[PDB]
Ligand code: SF4
Ligand code: SF4
């Protein structure tokens, strides 16, 4: 209908929906290490990360290494090129000898701060330092210019309503339809085998597929994930429950496309609302709100009261949860999210009950404010993991 | 097993496992209001209820018995229509009058404070008379007027130094009094099941979530039915017992096995509560009762297996940590439902200790969970600040 709304939503969809090869933090570490440009990787005789980064990278698989941790990311950066940027681990040939070489020399130190990735000395004596700072991945020392969006457009998207999202998925551009199809493609390709299949009912398949794709993204497979806001697990949480619900129901193409589009709209909105960093698991919360709105739209159509009830039951169900770092166990958390979505399709919770919001907007507002309240917990998380 | 261990375990089980009629916060509010002993409630000009963060949180959206209503204002009306001599049972035998609710709604000015349990009522009437009442610290102690009511640590600390092996050996030589306690617990909690709350199938976990949420919803809406509570947290007891009851209902139908598993669940729940010595806005009921329930479920499925119980604890710790305690509500049941999930998912998945906050065994898992609860702190003030809108 409206013009400014369609163009803003289309632009933000083209912006937020990207492809991230696995965990972004190991990718950033490898990119910084390749920016150090060590000529002979075996000639090395210095990594500084913030609490959240060290947490997320302590037990996550690095692409094309079949290993977990920060040392594989550093070795892959050594064996990578700066021109690949966040895809620094592409085309590499992992050498166990270089891993064993760097293990004795890689001295890592953690700091309490926002995003900070600062790196090495060689046999000759030369020292090469590099730094990547701020929430937006901005290189400060290699100065290699290279996603952002100005605040006015984000603010205009925050001023949208659920009705606007319902109207947008009825007048979808062809580029956005193909984007949704490519998203479903990338995230469905992440399903490899069984990870948590405990039945043949709908929620069984939902949990199975979601946990399998999350585990695939975690174990360091060389398969990209269609991420929203550079959080791949958030995109998995937003898309896969809806995919598996559609698989166990009508097997509808356009219906699933529209439901996932509304899910992504809700996810982008929630991420915009949760403007502050948080140690609360933002991926689970936001992706699950998106997924439950999409599932309610698939079940009841364009029904405002049903979507409000789903958001209320979700807010009452699984609010507040720790983001203890990218891990194989993260899949389990997403599994819980699936539950929180399905349970919200059959339960009504009054607005008075606790932190529950009065509608979709107020639910998202309350969840975002509580995420702001839970605050900086990454310091204590890193202190715990070190033991 | 050792003798001192068995005697301590029996004492602590008979101590923590009590019967709570629930809805204790609205009951406290109604009792404080009834201590004013208002003969004619309709002569009031302004009421001033003062609650602490925790009390206002837990009583904001809980059902009041014999009122069929939710909130603090129904509790205030029920206290006005009650007698102080009824103590916490001010709401028994009452006939709720919508007219008195509509009258008091215009005059009830509630104010929140940052303190331990505090319920102070200050009522004025048309004549000019003022009636004050106050309840401080524990529940049972009214200060205005001065009807005092007083509420060892060595036993708690000795219980903290036990191992899961002690709990496994105790459920093999159980005294008869403790067996009767477990059976009465199962009876009380199965009687709390009233209808369906989240039944979307006839499979095992469907029954688990359904029955658990049904009994929690029954305890929440203000029914005058007692609940077998552990550490006076009824939802904790439901979370610890009912998942095991429902898994046994959908599997082997074994009596002594279910008794032993629920006893181990209660042991693990009490242990987790003892370890989390500091207050937290994190949902302690879900966490502790679910740790008990998942240990009991692992004991029912795989028996006396240390690695199996370790894996269950690891997957549980990785699964659903840090849920909010946003006040006693109908939605609380949903959280408990999630707990069921968090337990069942741990019976078929192993999570390495390297994955995040997970500990190397059960003991370390509980220790990390307790430390994170201690770190999260109060936060209830901001919770009520959010709820007030
Ligand atoms: S818990 Fe959620 S936010 Fe934290 S690492 Fe896992 S997927 Fe990401
Ligand atoms: S939300 Fe959890 S901690 Fe809070 S009252 Fe309900 S069961 Fe207890």
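Residue numbers (the authors' numbering), protein chains in the order written: chain A, 1 to 45, 48 to 121, 123 to 149, 153 to 393; chain B, 1 to 151, 156 to 393.
Think of the CB as a built atom: it goes at the ideal place given N, C-alpha and C, for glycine as much as any other residue.
Since residue 119 of chain B sits in a beta bridge, which residues does DSSP pair it with? The partner list for residue 119 of chain B (beta bridge, DSSP) reads B:51, B:135.
Using a beta-carbon distance cut-off of less than 9 Å, what residues from the stretch 109-125 of chain B approach chain A? Taking 9 Å as the Cβ-Cβ cut-off against chain A, none of the residues of the stretch 109-125 of chain B qualify.
From residue 256 of chain A to residue 360 of chain B, what distance separates their C-alpha atoms? Whole-angstrom Cα-Cα distance: 38 Å.
Going by the beta-carbon positions, is the gap between residue 168 of chain A and residue 215 of chain A smaller than 8 Å? In this structure, the beta-carbon distance from residue 168 of chain A to residue 215 of chain A does not fall below 8 Å.
Using the three-state DSSP reduction, which class does residue 205 of chain B fall into: helix, strand or coil? Coil, per DSSP.
Measure the CB-CB distance between residue 223 of chain B and residue 231 of chain B and report whether it falls below 8 Å. Going by C-beta atoms, residue 223 of chain B is nearer than 8 Å to residue 231 of chain B.
Simplified DSSP assignment, three categories, for residue 104 of chain A: Residue 104 of chain A: helix per DSSP, three-state reduction.
Determine the direct distance from the alpha carbon of residue 379 of chain A to that of residue 47 of chain A, and round the result to whole angstroms. There are no atomic positions for residue 47 of chain A here, as chain A continues from 45 directly to 48.
Buried or exposed for residue 114 of chain A, going by 16 or more other Cβ atoms inside 10 Å? Answer is exposed; the Cβ neighbour count stays below 16.
Taking the alpha carbon of residue 367 of chain A as the point to measure from, which residue in A:271, A:351, A:339 has its own alpha carbon closest? Ranking A:271, A:351, A:339 by Cα distance to residue 367 of chain A puts A:271 first.
Just list the residues that DSSP pairs residue 286 of chain A with in beta bridges. Partner(s): A:328.
Does any heavy atom of ligand 1 sit closer than 7 Å to the C-beta of residue 346 of chain B? No, the Cβ of residue 346 of chain B stays beyond 7 Å of every heavy atom of ligand 1.
For a test of the three-state rule: what should DSSP assign to residue 1 of chain A, helix, strand or coil? Collapsing the DSSP output to three states places residue 1 of chain A in coil.
For the candidate residues B:123, B:119, B:129, whose alpha-carbon lies nearest to that of residue 137 of chain B? With distances taken between CA atoms, residue 137 of chain B lies nearest to B:119 out of B:123, B:119, B:129.
I'd like to know if the stretch 372-387 of chain A and the stretch 338-357 of chain B are in contact, where contact means that at least 3 CB-CB pairs between them fall below 8 Å. Touching, no.
So, at 8 Å on beta carbons, what are the nonlocal neighbours of residue 210 of chain B in its own chain, with the 5 sequence-adjacent residues on each side left out? 203, 204.
Coil, strand or helix - residue 249 of chain A by DSSP: Residue 249 of chain A sits in a helix when the DSSP states are folded into three classes.
Does the beta-carbon of residue 66 of chain A have 16 or more other beta-carbons within 10 angstroms, so that it is buried, or is it exposed? Buried is the call here.
Mind listing, in chain order, the continuous beta strand (DSSP E) runs of no fewer than 3 residues lying wholly within the stretch 309-369 of chain A? For the stretch 309-369 of chain A, not a single whole beta strand (DSSP E) run of length 3 or above is found.
Look up residue 45 of chain B in the DSSP assignment and say whether it is helix, strand or coil. In the structure shown, residue 45 of chain B sits in a strand (DSSP, three-state: E or B).
Rank B:185, B:121, B:92 by C-alpha distance to the C-alpha of residue 72 of chain B and give the top, closest one. Measuring from the Cα of residue 72 of chain B, the nearest candidate turns out to be B:121.
The beta strand (DSSP E) spanning residue 232 of chain A covers which residue range? For residue 232 of chain A, the enclosing beta strand (DSSP E) has its first and last residue at 231-234.
Would residue 333 of chain A count as contacting chain B if we go by Cβ distances under 8 Å? Yes, residue 333 of chain A lies at the interface with chain B (some Cβ there is under 8 Å from its Cβ).
The alpha helix (DSSP H) that contains residue 167 of chain B, what's its start and end? Residue 167 of chain B -> no alpha helix (DSSP H), and no H or E assigned at all.
Quick one: which residues of the stretch 318-351 of chain B get their C-beta closer than 7 Å to a C-beta of chain A? List them in chain order. Listed in chain order, the positions of the stretch 318-351 of chain B with a beta carbon within less than 7 Å of a beta carbon of chain A are 319, 322, 323, 324, 325, 326, 327, 328, 330, 331, 333, 334, 335, 338, 339, 341, 342, 345, 346, 349.
Would you kindly check if the distance between the Cβ of residue 275 of chain B and the Cβ of residue 370 of chain B is under 8 Å? Cβ distance < 8 Å, so residue 370 of chain B and residue 275 of chain B count as in contact.
Quick one: residues with CB closer than 5 Å to any heavy atom of ligand 2, in chain order, please. Selection around ligand 2 by beta-carbon proximity, strictly under 5 Å to any non-hydrogen atom, yields B:239, B:287, B:289, B:329, B:332, B:336 in chain order.
For the stretch 199-212 of chain A, which residues have a beta carbon sitting closer than 7 Å to at least one beta carbon of chain B? For the stretch 199-212 of chain A, the beta-carbon criterion of a distance under 7 Å to any beta-carbon of chain B is satisfied by 202, 204, 205, 207.
I want to check one thing, is the minimum distance from the CB of residue 58 of chain A to the heavy atoms of ligand 1 below 7 Å? Within 7 Å of the C-beta of residue 58 of chain A there is at least one heavy atom belonging to ligand 1.
When you compare the CB positions of residue 337 of chain A and residue 217 of chain A, do they come within less than 8 Å of one another, or not? Result yes, Cβ atoms of residue 337 of chain A and residue 217 of chain A sit closer than 8 Å.
Say the cut is 7 Å; is the CB of residue 284 of chain A nearer than that to a heavy atom of ligand 1? No - ligand 1 has no heavy atom lying nearer than 7 Å to the Cβ of residue 284 of chain A.
For residue 194 of chain B and residue 307 of chain B, the rounded distance between their alpha carbons: Per the coordinates, the alpha-carbon of residue 307 of chain B lies some 24 Å from the alpha-carbon of residue 194 of chain B.
Spatial neighbours of residue 58 of chain A within its chain, please: C-beta separation below 6 Å, excluding the five flanking residues on both sides. Here the set comprises 25, 331, 332.
For residue 356 of chain A, go through chain B and note every residue whose CB falls closer than 8 Å to its CB, in chain order. Against chain B, the beta carbon of residue 356 of chain A has neighbours under 8 Å at 61, 70, 334, listed in chain order.
Exposed or buried, which one is residue 320 of chain A when buried takes at least 16 other CB atoms within 10 Å? Counting every other CB atom within 10 Å of its CB across the protein chains shown gives residue 320 of chain A a total of 16 or more, marking it as buried.
Out of A:240, A:250, A:35, A:192, state which residue places its alpha-carbon closest to the alpha-carbon of residue 228 of chain A. Taking only the C-alpha atoms, the option nearest residue 228 of chain A is A:192.
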